[PDB]
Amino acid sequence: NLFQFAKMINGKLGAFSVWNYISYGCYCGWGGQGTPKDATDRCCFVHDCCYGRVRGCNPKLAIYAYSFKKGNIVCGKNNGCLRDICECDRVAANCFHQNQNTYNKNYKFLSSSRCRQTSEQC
């Protein structure tokens, strides 16, 4: 569930951190095209693709099981797609945290003209 994904992100970077990834670069947020603008943006490209490969369930609506163990995300008893979905978010959340140090505020709500490049394939 997207709410859970936001939960992981905020649990990893702090309250409201999810908002730093709503419309960032060319792939973080609604839709996605062109080429990733940086590490953080690539995290979203990867996440988008991870979702694209899920079948049998809805990655943004399906509810899975997970938890935090000493500040680290932990996908619990999951089978099939649910397992895949949790894995998609867990990896994306850690990827944001891992690349926090290079987050470029100038990429927030990036201009449409800057993602006109060819859409890298999954």
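Start at 1 and count along the sequence shown; that's the residue number.
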Residue range whose averaged C-alpha B-factor is higher in the record, 100 to 108 or 12 to 20: 100 to 108
Higher-scoring stretch by recorded Cα B factor average, 45 to 53 or 74 to 82: 74 to 82
Chain-relative CA temperature factor third for residue 33: highest
Third of the chain, ranked by Cα B-factor, where residue 1 sits: middle
